[PDB]
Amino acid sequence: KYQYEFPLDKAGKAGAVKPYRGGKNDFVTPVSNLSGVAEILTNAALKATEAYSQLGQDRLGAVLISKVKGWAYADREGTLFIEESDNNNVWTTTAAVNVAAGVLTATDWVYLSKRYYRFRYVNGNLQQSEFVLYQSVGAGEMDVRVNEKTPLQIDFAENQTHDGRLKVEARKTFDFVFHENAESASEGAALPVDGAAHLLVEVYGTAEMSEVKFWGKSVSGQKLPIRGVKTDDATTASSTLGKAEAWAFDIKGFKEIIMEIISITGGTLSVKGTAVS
C-alpha cells in the first residue's frame, strides 16, 4: 500500500490516469520512459578503501539494455566505475567519476557494447557513514518527425569557427601530367580546367634541345596561344626552348590547357603542373 490513490471515473472505475480539460471530463495515463526509473544498488556504508561490486547485469533479455547511468551520494569521497564484460568474468572500465564528500555525483549515459555491465564503487581513505548508489537503464530508438517548416536552430563548435565565422577551405589543388619522359613531338595530355584559376607548369628532363608551346582551348576547341610568366626572371612568353624552369598561367575561363612539345632531341622531357582554384 502506497500514499498515491488512483482516481475513479464517473462509474467508479479506478485507473492510473489524471483528469484534464476545464470540466475534468477527459483522462490521460502519465508515463515515463524506463530511462527515468532507477534501482537502488546499495546503501551499505563502506570501510576505508572497501569496494562495492554489482553482480554482472546481462543486457540480453526481453528488454534490450542499450545504456546505463549512475548517481552516487556519500559523506566521504570515492570513485564510481561503470564497467563492461563479454564473459561476466573479465571487466574493462568504460567510465570512472570522482564522487566528492557530500556531493550528489551523476555519470553520463554510457552506451554499452559488451554483453554485461556493472557498477563498482571504491570508497576512499575515510569510512562512509552514509552511501546510496542508483542505476538507470534505457533501450530502443523511436523515429521522430521534425515539423518540415520549423528549421532546426544550429551553430558550430567554437573549434570550427574564428570571430563568429565558419572556417572554410575554398582552394583546391590537383597535379596533372602533360608529358612524362616524352622522346618525340606531341600535344600530350589536355588538362581539364574545371573551374581552376591558376596553373604552375614545370619543364624538366635530359633533352638537349626542346620547344614547348603553351595552348588553351575555349569553346571552339581550336588551340589558342596563352602566355606564362617564368618564376626565375618574370619572362612572359607563349613558348620556351628551355628546361629546369617553371611557368605560371592565369587559366580562368579556359576549358583545356595543352603544353605541346613541338620538337625535342638528345633525351627526354617531362611537363607536369599543379592547377589551383
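Start at 1 and count along the sequence shown; that's the residue number.
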Which is higher on average in the deposited entry, the C-alpha temperature factors of 61-69 or of 233-241? 233-241
Given the B-factors recorded for C-alpha atoms, which segment has the greater mean, 5-13 or 18-26? 5-13
Could you say which of 159, 105, 135, 92 has its CA atom at the highest B factor, as listed in the PDB entry? 159
Relative C-alpha B-factor of residue 39, binned into the chain's lowest, middle or highest third: lowest
Cα B factor band for residue 127 (lowest, middle or highest third within the chain): middle
Lowest, middle or highest third - CA B-factor, residue 152: highest
Grab the CA temperature factor for residue 79 from the record and place it in the lowest, middle or highest third of its chain. lowest
Please place residue 209 in the lowest, middle or highest third of its chain according to the CA B-factor in the PDB entry. highest
